[PDB]
């Protein structure tokens, strides 16, 4: 919900990366899995952050099992993994469900 945009395909991924270029907003992505306890724990915070930073940062969700080709291309091997994209390319990351480090990652780029 909120401002978290669910990515279902490479085409949708590419469209959102292009939108970030046009809007000059960083994109933060949660590469996540439904079966992962840490992922479930932090997904609500990812959503509230998406609302708090609406207008400054774009938030995407990629389920690594439903969009495996995108997650594989992005090198995801543990979940949650957060990436930041700027100008279409990877700029920063965080591996693991750390609420404090996720808040810090978003603030750094907003």
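Positions refer to the first chain, counted from 1.
Across the residues 49, 58, 84, 70, the deposited record lists the maximum Cα B factor for 70. Annotation for residue 32: CA B-factor lies in the lowest third of the chain's modelled residues. When the modelled residues of the chain are ordered by C-alpha B-factor, residue 12 sits in the lowest third. For residue 75, the recorded CA B-factor ranks within the highest third of the chain. Only modelled residues enter the ranking. In the PDB entry, a CA B factor belonging to the lowest third of its chain's modelled residues is recorded for residue 6.
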